[PDB]
């Protein structure tokens, strides 16, 4: 059925993230970072943004108005110009994991801090508060 604490939509999205974690070989630690980030930024839903016209032309579970942030990871269109990718769970995850891997020391870095660095966020506390669930969800997905 569904993953721990996720409805069927969130579950679908998380499975796509977890699947890309396997493909990219980031292990549970990587998966924890991806899911924890997804929970904070969007609660694992695909957001569009009025501020980015092209994003309304892709399937989305809701609309938000944070900067030019789009998708599950709230990747800024400024920096991530391919909106198709930003609005696709698997491809958007690949974009997260790609940046995460370029961070020297990520494999043994605390998850909260790792998400902060990847997202350019100002506080790790938000992501850290979500790791317990991210683990449960990653485990249930096969990582």
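Positions refer to the first chain, counted from 1.
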| property | result |
| --- | --- |
| Third assignment of residue 97 from its chain's C-alpha B-factors | lowest |
| CA B-factor ranking of residue 119, expressed as a third of its chain | lowest |
| Residue 65 - which third its CA temperature factor falls in, relative to the rest of the chain | highest |
| Modelled-residue ranking by C-alpha temperature factor, third containing residue 126 | highest |
| Entry-reported Cα temperature factor of residue 89, expressed as the chain third it lands in | lowest |
